[PDB]
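> Okay, handing you the structure first.
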Amino acid sequence: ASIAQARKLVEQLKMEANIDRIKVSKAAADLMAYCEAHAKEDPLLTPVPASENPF
Amino acid sequence: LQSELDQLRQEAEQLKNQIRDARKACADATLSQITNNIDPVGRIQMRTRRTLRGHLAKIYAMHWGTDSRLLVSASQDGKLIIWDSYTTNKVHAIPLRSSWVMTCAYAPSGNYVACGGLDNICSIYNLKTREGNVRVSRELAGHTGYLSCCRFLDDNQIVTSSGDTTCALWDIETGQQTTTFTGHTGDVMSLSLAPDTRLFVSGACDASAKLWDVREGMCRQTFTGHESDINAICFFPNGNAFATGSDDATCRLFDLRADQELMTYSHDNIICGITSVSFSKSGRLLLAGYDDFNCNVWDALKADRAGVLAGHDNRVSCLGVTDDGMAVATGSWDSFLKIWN
Amino acid sequence: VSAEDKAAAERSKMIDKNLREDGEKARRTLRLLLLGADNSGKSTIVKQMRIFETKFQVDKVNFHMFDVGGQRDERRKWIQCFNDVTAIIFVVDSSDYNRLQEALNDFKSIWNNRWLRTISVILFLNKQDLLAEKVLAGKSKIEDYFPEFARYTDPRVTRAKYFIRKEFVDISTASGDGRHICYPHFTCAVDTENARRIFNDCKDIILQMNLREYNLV
Amino acid sequence: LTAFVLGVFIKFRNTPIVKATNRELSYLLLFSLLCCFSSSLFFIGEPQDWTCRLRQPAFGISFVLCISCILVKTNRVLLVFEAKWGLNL
Numbered sequence: 007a008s009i010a011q012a013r014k015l016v017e018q019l020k021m022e023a024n025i026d027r028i029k030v031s032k033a034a035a036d037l038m039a040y041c042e043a044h045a046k047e048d049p050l051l052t053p054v055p056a057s058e059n060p061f
Numbered sequence: 000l001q002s003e004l005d006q007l008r009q010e011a012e013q014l015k016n017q018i019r020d021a022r023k024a025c026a027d028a029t030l031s032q033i034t035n036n037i038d039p040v041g042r043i044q045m046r047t048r049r050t051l052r053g054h055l056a057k058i059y060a061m062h063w064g065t066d067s068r069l070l071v072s073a074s075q076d077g078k079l080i081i082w083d084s085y086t087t088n089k090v091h092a093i094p095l096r097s098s099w100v101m102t103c104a105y106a107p108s109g110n111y112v113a114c115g116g117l118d119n120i121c122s123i124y125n126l127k128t129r130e131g132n133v134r135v136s137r138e139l140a141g142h143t144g145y146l147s148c149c150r151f152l153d154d155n156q157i158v159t160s161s162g163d164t165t166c167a168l169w170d171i172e173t174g175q176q177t178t179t180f181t182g183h184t185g186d187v188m189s190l191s192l193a194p195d196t197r198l199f200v201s202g203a204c205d206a207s208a209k210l211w212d213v214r215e216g217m218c219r220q221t222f223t224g225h226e227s228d229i230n231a232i233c234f235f236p237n238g239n240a241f242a243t244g245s246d247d248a249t250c251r252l253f254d255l256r257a258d259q260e261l262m263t264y265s266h267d268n269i270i271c272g273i274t275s276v277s278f279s280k281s282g283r284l285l286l287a288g289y290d291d292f293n294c295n296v297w298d299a300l301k302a303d304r305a306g307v308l309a310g311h312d313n314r315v316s317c318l319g320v321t322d323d324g325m326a327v328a329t330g331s332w333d334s335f336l337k338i339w340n
Numbered sequence: 005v006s007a008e009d010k011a012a013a014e015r016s017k018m019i020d021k022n023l024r025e026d027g028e029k030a031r032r033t034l035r036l037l038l039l040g041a042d043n044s045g046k047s048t049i050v051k052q053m054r069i070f071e072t073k074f075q076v077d078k079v080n081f082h083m084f085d086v087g088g089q090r091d092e093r094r095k096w097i098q099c100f101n102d103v104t105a106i107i108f109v110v111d112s113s114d115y116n117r118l119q120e121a122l123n124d125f126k127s128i129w130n131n132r133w134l135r136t137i138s139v140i141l142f143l144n145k146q147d148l149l150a151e152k153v154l155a156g157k158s159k160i161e162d163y164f165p166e167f168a169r170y171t183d184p185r186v187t188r189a190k191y192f193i194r195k196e197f198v199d200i201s202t203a204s205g206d207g208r209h210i211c212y213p214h215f216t217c218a219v220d221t222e223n224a225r226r227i228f229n230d231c232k233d234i235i236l237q238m239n240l241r242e243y244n245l246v
Numbered sequence: 626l627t628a629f630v631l632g633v634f635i636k637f638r639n640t641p642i643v644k645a646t647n648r649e650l651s652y653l654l655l656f657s658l659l660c661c662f663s664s665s666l667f668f669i670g671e672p673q674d675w676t677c678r679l680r681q682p683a684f685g686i687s688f689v690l691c692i693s694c695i696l697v698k699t700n701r702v703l704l705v706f707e708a709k719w720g721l722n723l
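Chains as they are written, first to last, in PDB author numbering: chain D, 7 to 61; chain C, 0 to 340; chain G, 5 to 54, 69 to 171, 183 to 246; chain A, 626 to 709, 719 to 723.
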């Protein structure tokens with residue numbers, strides 16, 4: 007029953023290791039860029055005017 | 000289990016010490032080193048603006064409509080209700096064949112709603128019909144475990160996650176089986192389709208989540224950073240990250256390109272587990288529904304609590320932000336839906 | 005307010021009226037969970053059947083007993099759905115003492131459950147017909163698989190049958206008092222007071238929960 | 626003696642036998658019994674006007690309080706034994 011290891015040593019394991027990985031900095035200061043560029047259009051960080059708010 | 004298990008068990012581990020070494024090599028920062036100088040979002044407060052009462056039994060799921068107005072609530076009373084958040088009106092009340100339902104979803108077009116529970120079947124309902132009522136469109140059977148999360152890809156294909164360690168995608172028109180995503184070693188609890196709808200992530204009860212290729216069919220990567228079951232998952236708005244809500248009193252987030260864990264979002268005083276998570280509109284606020292009848296609001300960049308959403312006398316099981324990020328639709332076991340700000 | 009909005013509000017009012025109508029029917033009945041082992045024969049515990071659910075009413079009160087099937091041997095996540103039932107029926111047959119250790123470990127796991135801390139259990143010891151014919155001969159006794167199954171009080186059959194009950198009540202009263210209490214019974218294949226015992230246990234369960242809800246216990 | 630009974634009641638506040646009877650209603654009944662005992666002191670002594678006006682009602686109100694406490698205390702427990719009245723009612 008070499009299927010428990012095959013899918014876990016040559017299908018999934020051998021494929022997950024062969025993935026291009028970037029340094030964490032370019033993802034941290036990419037989520038940061040996304041949240042900074044979308045601060046004006048986020049109506050929970052900056053509450054909308056009462057008239058604009060439908061609730 | 001032959002000589003290829005005194006060999007191919009180590010060779011099933013050689014790619015684990017040569018992956019963590021690869022993983023721990025591309026880490027020149029943590030999240031709280033480039034997000035340190037950004038001023039905090041402050042003591043974010045949010046009062047309830049609409050309390051959608053009407054359910055009797057405990058609420059288990061709640062999905063927002065694409066139009067930012069309608070929402071569907073799933074409760075253990077065997078009833079599915081489509082709401083009008085602006086006026087708290089009840090658009091529909093769809094009885095369910097199985098009184099035990101743990102999933103609910105809204106089709107992106109708004110023409111369909113799906114539900115599923117211990118019956119191990121996803122029943123998909125047609126909302127707009129010439130008949131004038133709500134009737135089942137398909138009876139998606141062929142899955143052994145109880146369903147735990149249903150999400151609508153298009154108007155004709157749906158993705159479901161069940162307790163038989165298999166995430167799995169259907170085609171509504173045929174009702175048959177297109178792709179079966181396998182590899183999890185425990186009951187899958189949550190699901191979160193990517194904004195581009197070409198990938199999705201799912202968290203099982205094995206302290207691990209897998210990013211699947213819905214078009215291709217195999218798991219791209221597995222994310223192991225917890226120590227207990229993952230009963231909550233949600234996807235970053237930008238499509239390059241996601242957060243895991245686990246029952247070990249912590250909620251971590253991961254980056255798809257980094258293939259690592261970024262922050263933990265844990266407090267010493269909090270012991271109860273997390274049930275649901277969601278990013279609001281830009282990923283700065285990470286809403287998280289906990290088990291002690293509360294729902295903390297986390298500044299994702301700073302990993303500090305910005306506010307609490309108390310007001311439920313029973314544990315919070317549902318949590319979802321609207322499409323335009325104008326309100327939240329937390330629902331708890333007290334059979335009460337609530338809309339915040 | 006617009007006329008269309010007014011009609012929508014009236015439709016919503018009808019929706020709540022119909023939803024509330026079903027609440028009385030839902031609350032009238034009593035919900036039970038059936039669980040145990042494969043060899044327990046849980047199906048024939050209720051010989052009058054009238069998720070494999072059954073709907074039997076004795077003394078003109080309806081009970082809905084749910085037998086969960088198809089799920090794996092975890093019960094870790096779908097048991098966090100039944101924390102509103104009246105009780106859980108844990109049926110275990112004592113035909114073999116090799117599996118009674120596993121059965122009592124399962125009972126320990128399900129009794130000491132975080133979501134099942136305030137729900138009681140009614141213990142049904144199924145298949146008491148062959149216990150006599152397994153202990154009358156004595157060709158394989160429980161002391162072979164257990165240290166001190168050598169004292170308990183046909184006389185021999187009863188002294189053999191009360192030791193498992195002593196172990197199970199020891200497990201039940203090990204941890205957790207007042208909120209939930211086990212109800213050890215003795216069930217047979219040809220026994221007829223199986224549903225009667227279930228009813229006589231759940232009425233006392235309701236009485237205890239009302240005592241706690243009126244703060245008298 | 627009534628004060629001592631009250632003291633042993635409060636000292637053992639959380640106890641199944643004490644909780645078996647209505648604890649707050651038992652406290653009220655004990656206070657009413659204290660009042661009934663005190664109402665006997667009005668009779669002894671020189672009969673004034675105020676003590677003659679507050680003599681018989683003093684015992685009557687206290688005793689009817691005691692009997693009402695007994696009645697309601699055994700009415701709640703009688704009603705919980707039902708088939709299928720308040721913390722302050």
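The beta carbon of each residue, even a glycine, is placed where N, CA and C say it ideally should be.
1) Report the three-state DSSP secondary structure of residue 207 of chain C (helix, strand or coil).
2) In this structure, how does DSSP classify residue 107 of chain G when only helix, strand and coil are distinguished?
3) Is the separation between the beta-carbon of residue 121 of chain C and that of residue 59 of chain C shorter than 9 Å?
4) Let's see if you can read the secondary structure: which residues bound the alpha helix (DSSP H) around residue 20 of chain G?
5) Is it right to say residue 159 of chain C is buried, meaning 16 or more other beta carbons lie within 10 angstroms of its own, or is it exposed?
6) Mind reading off the beta-carbon distance from residue 134 of chain G to residue 101 of chain G? Whole number of angstroms is fine, and I expect it under 8 Å.
7) Does any residue of chain D bring its CB to less than 9 Å from the CB of residue 343 of chain C?
8) In chain G, which residues lie with their C-beta within 7 Å of the C-beta of residue 55 of chain C?
9) Would you identify the three-state DSSP class for residue 94 of chain C, choosing helix, strand or coil?
10) With 9 Å as the C-beta to C-beta threshold (strictly closer), list the residues of the stretch 101-126 of chain C near chain G in chain order.
11) For residue 67 of chain C and residue 320 of chain C, I'd like the C-alpha separation in whole angstroms.
12) CB residue 117 of chain G to CB residue 43 of chain G, shorter than 9 Å?
13) Would you list the residues sitting across from residue 122 of chain C in a DSSP beta bridge?
14) For the stretch 23-35 of chain D, which residues have a beta carbon sitting closer than 9 Å to at least one beta carbon of chain C?
15) Here's the rule: buried if 16 or more other CB atoms are within 10 angstroms of the residue's CB, otherwise exposed. What is residue 96 of chain G?
16) Consider the Cβ of residue 146 of chain G: report whether some Cβ of chain C lies at a distance smaller than 9 Å.
17) Determine the direct distance from the alpha carbon of residue 323 of chain C to that of residue 342 of chain C, and round the result to whole angstroms.
18) Going by DSSP, name the residue or residues bridged to residue 220 of chain C.
19) Restricting to Cα atoms, I'd like to know which of C:284, C:39, C:219, C:175 is closest to residue 20 of chain D.
20) Determine whether the beta carbon atoms of residue 61 of chain C and residue 70 of chain C lie at a separation below 9 Å.
21) Please report the straight-line C-alpha distance between residue 719 of chain A and residue 153 of chain C, rounded to a whole angstrom.
22) Does the stretch 76-87 of chain G come within contact of the stretch 156-164 of chain G, defined as at least 3 CB pairs closer than 8 Å?
23) Name the two residues that bound the continuous beta strand (DSSP E) containing residue 288 of chain C.
24) If the cut is a Cβ gap below 8 Å, which residues of chain G does residue 144 of chain C touch?
25) Could you tell me which residues DSSP puts in a beta bridge with residue 81 of chain C?
26) Since I believe residue 232 of chain C is in contact with residue 206 of chain C (beta carbons under 8 Å), could you give me their beta-carbon distance rounded to a whole number of angstroms?
27) Taking a Cβ distance cut-off of 9 Å, strictly less, list which residues of the stretch 182-204 of chain C are near chain G, in chain order.
28) Mind checking residue 641 of chain A: buried by the 16 CB within 10 Å criterion, or exposed?
29) Would you mind reading off the limits of the alpha helix (DSSP H) that contains residue 687 of chain A?
30) CB residue 235 of chain C to CB residue 209 of chain C, shorter than 9 Å?
31) Can you give me the Cβ contacts of residue 680 of chain A inside the same chain, cut-off strictly under 7 Å, excluding the 5 residues immediately before and after it?
32) List the residues that DSSP assigns as beta-bridge partners of residue 49 of chain D.
33) Taking 9 Å as the threshold (beta carbon to beta carbon), is residue 45 of chain D in contact with chain C?
34) Using the three-state DSSP reduction, which class does residue 332 of chain C fall into: helix, strand or coil?
35) Using a Cβ-Cβ cut-off of less than 7 Å, list which residues of the stretch 130-162 of chain C approach chain G; keep chain order.
36) Would you say residue 647 of chain A reaches chain G, if we count a Cβ-Cβ gap shorter than 9 Å as a contact?
Looking at the coordinates:
1) coil
2) strand
3) no
4) 7-32
5) buried
6) 7 Å
7) Outside the displayed range of chain C (0 to 340) lies residue 343 of chain C, so it cannot be described from this structure.
8) 27, 30
9) strand
10) 101, 116, 117, 118, 119
11) 9 Å
12) yes
13) C:114, C:138
14) 23, 25, 26, 27, 28, 29, 30, 31, 32, 33, 34, 35
15) buried
16) no
17) Coverage of chain C is limited to positions 0 through 340, which leaves residue 342 of chain C absent and any answer about it impossible.
18) C:210
19) C:219
20) yes
21) 56 Å
22) no
23) 284-289
24) 88, 89, 90
25) C:71, C:91
26) So it is not a contact: roughly 13 Å between Cβ atoms.
27) 185, 186, 188, 204
28) exposed
29) 681-705
30) no
31) 667, 668
32) Answer is none; residue 49 of chain D lacks a bridge partner.
33) yes
34) coil
35) 143, 144, 145, 162
36) yes
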